[PDB]
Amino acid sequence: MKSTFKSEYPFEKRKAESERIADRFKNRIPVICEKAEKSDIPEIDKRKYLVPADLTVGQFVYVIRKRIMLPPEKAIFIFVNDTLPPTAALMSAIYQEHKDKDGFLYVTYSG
């Protein structure tokens, strides 16, 4: 049994969120950021992020970093459907290309 975001809320309730957000926030992309299933680094229970269209991967990664007090020495990586996007990539671009049918964009992190 999974302990993810999809597994915690049903499709219909998830999409409900996507829409209210796309409604009450014009320039924001709703992101679900979860820890890589078999990764070792710390797991945060805060996974819902409202990100600006111009936010970059590199910047998003920096955020998750501080959030889980990652030793700058240690590494962390963000994935979008098995794809490791380049740090210059803008989240808006990634959203158009990979948003889930529920309305969210699912990202994953690890080391």
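Note that residue numbering begins at 1 and tracks the sequence as displayed.
Return whichever of 48 to 56 and 77 to 85 has the greater mean Cα B factor according to the PDB record. Mean CA B-factor is higher for 77 to 85.
For the higher mean C-alpha B factor in the entry, choose 1 to 9 or 101 to 109. According to the PDB entry, the answer is 1 to 9.
Taking the C-alpha B-factors as the PDB entry records them, is residue 96 in the lowest, middle or highest third of its chain? Within its chain, residue 96 is a middle-third residue by C-alpha B-factor, going by the deposited values.
Give the position of residue 36 by CA B-factor within its chain, expressed as the lowest, middle or highest third. Residue 36: CA B-factor falls in the highest third of its chain.
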